[PDB]
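Everything in the sequence shown is counted per the numbering used here, starting at 15 for the first residue and increasing by one.
In this text, a Cβ means the ideal position worked out from N, Cα and C, and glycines have one as well.
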Amino acid sequence: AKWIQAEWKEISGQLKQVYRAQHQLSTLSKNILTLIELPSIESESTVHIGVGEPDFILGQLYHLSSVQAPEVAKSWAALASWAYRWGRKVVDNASXXXXXXXXXXXXXXXXXXXXXXXXXXXXXXXXXXXXXXXXXXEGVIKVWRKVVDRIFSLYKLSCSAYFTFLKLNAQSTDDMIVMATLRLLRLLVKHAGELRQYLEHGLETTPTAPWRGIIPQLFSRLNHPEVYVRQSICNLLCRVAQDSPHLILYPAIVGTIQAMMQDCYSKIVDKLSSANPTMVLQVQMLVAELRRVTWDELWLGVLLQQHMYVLXXXXXXXXXXXXXXXXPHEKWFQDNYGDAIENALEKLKXXXXXXXXXXXXXXXXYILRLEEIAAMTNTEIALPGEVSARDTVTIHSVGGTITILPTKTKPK
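This is the structure in structure tokens:
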């Protein structure tokens with residue numbers, strides 16, 4: 015197949031001759047014809063629109079190789095790639111039994127108009143019904159549903175081949191699997207209701223080992239305007255959590271702390287906490303502490319912004335909000351700067367703000383302590399980022415002191 019693909023220009027006639035002979039020759043033509051007709055899914059009617067005659071030979075060869083050697087993954091991947099490419103091309107370019115059924119159910123211009131509207135550009139049901147009613151003036155729904163599947167059958171084969179190929183990787187390069195996972199995700203996102211039957215059972219049996227490379231994409235695609243798509247993604251993530259919880263632990267807890275992006279996160283954290291609840295609670299506490307350890311800096315920034323925008327009610331409101339939000343280290347700052355509220359209230363009815371800003375700036379000009387800003391040991395929470403780690407490593411302790419870096423906003 016690879017050699018034939020290389021010399022496509024010099025072998026385009028032989029393939030056409032083989033196809034013509036199949037529906038009614040050089041040595042290679044007859045040899046390939048005999049190879050294809052070997053007795054042990056693809057019909058000429060489906061590839062009769064948007065698919066070229068010589069390209070069908072490649073698909074037949076790939077299908078035969080896959081059925082003859084179902085234990086190899088190269089054949090499945092090649093067949094899936096070919097089917098997906100041709101399916102996408104025919105779908106993009108598309109935007110006797112049917113005629114007999116339509117005529118029998120509708121017992122010359124009317125027939126032509128109905129036939130043209132049945133496959134005009136195939137909320138779709140409502141639009142089709144309205145167009146048919148406005149043209150002719152109900153068996154049309156069945157005809158449309160039967161004709162849409164025929165022009166949408168290559169994707170089914172591509173999905174089946176991709177699922178089979180992935181099942182054998184629970185033997186191929188990672189780049190060869192990431193592409194397949196991305197294509198499957200794109201198919202499930204773009205056209206979800208057209209091939210929902212295949213994905214329904216396909217996503218309920220595939221392993222979780224090859225799906226660990228597109229986790230961020232799965233989380234980012236949790237707001238799809240559908241019903242079963244969201245549930246399927248949530249179930250897949252929950253299954254991935256098992257035997258591998260250090261992959262979706264941090265994103266789930268981070269997102270948890272529109273209701274579409276809330277129920278899924280709650281279900282994910284609930285399913286992940288059914289095994290080691292202590293680890294979940296400890297990691298949540300650690301995340302909260304980190305977020306709260308991000309006082310003096312806030313006051314200095316607020317004072318600088320207020321002074322820069324001074325040259326009213328907005329300043330008073332901002333100061334009140336900051337004081338209310340700010341109410342080991344916090345106690346010392348509050349005790350050493352407890353007159354800020356009183357000074358602001360007295361000046362409301364402005365040197366106090368300038369004095370406070372100057373004092374904060376002078377006191378700013380590094381080394382801190384973890385005890386003053388809690389301290390656990392023998393933890394079971396995974397490290398922040400373990401994409402490439404056969405055995406997860408849990409945190410044991412934290413640094414007693416934290417350093418700060420200059421020439422930046424606020425790096426610690």
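In this structure, the straight-line span from the alpha carbon of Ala358 to that of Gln320 is close to 13 Å. Of the other Cβ atoms in all chains shown, 16 or more fall within 10 Å of the Cβ of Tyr76; this residue is therefore buried. Across the structure, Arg305 and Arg244 are spaced so that their CA atoms are roughly 29 Å apart.
As computed with DSSP, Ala396 is found in a beta bridge with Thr408. In the structure shown, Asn183 adopts coil according to DSSP, grouped into three states. By the Cβ neighbour-count rule, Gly73 is buried, with 16 or more other Cβ atoms within 10 Å of its own. Taking every protein chain shown into account, the CB of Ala266 has 16 or more other CB atoms within 10 angstroms, so this residue is buried. If you keep only unbroken alpha helix (DSSP H) runs of at least 4 residues inside the segment 84–113, you get 87–107. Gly413 counts as exposed, since fewer than 16 other beta carbons sit within 10 angstroms of its beta carbon.
Rounded to whole angstroms, the gap between the alpha carbons of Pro224 and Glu240 is 25 Å. Of the residues assessed, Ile63 falls on the exposed side of the cut-off, its CB having fewer than 16 other CB atoms within 10 angstroms.
Secondary structure of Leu362 (DSSP, three-state): helix. Note that the C-beta distance between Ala94 and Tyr33 is not below 7 Å.
Collapsing the DSSP output to three states places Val161 in a helix. Taking a cut-off of 8 Å for Cβ pairs, the segment 201–211 and the segment 156–171 touch, as three or more such pairs fall below it. Every unbroken stretch of the alpha helix (DSSP H) spanning 4 or more residues and falling wholly within the segment 175–247 is given here in chain order: 188–204, 210–216 and 229–234. For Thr423, the closest alpha carbon among the candidates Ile262, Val407 and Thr308 is that of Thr308. Residue state for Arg383 is assigned as coil, using DSSP reduced to three classes. If you draw a 10 Å sphere on the C-beta of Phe347, you find fewer than 16 other C-beta atoms in it, and that means exposed. Each residue's CA atom was taken as its position, placing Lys181 and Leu300 some 38 Å apart. Note that the C-beta distance between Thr292 and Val254 is not below 7 Å.
For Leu42, the enclosing alpha helix (DSSP H) stretches over residues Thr41 to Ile50.
Contact check for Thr393 against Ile416 fails: the beta carbons are separated by 7 Å or more. Per DSSP, reduced to three states, the secondary structure at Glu356 is helical.
When C-alpha distances from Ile395 are compared across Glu303, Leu384 and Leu295, the shortest belongs to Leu295.
Between the beta-carbon of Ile262 and that of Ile229 there is about 6 Å, and that keeps the pair under the 8 Å contact cut.
If you look at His321, you'll find it in the alpha helix (DSSP H) that goes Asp310 to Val324.
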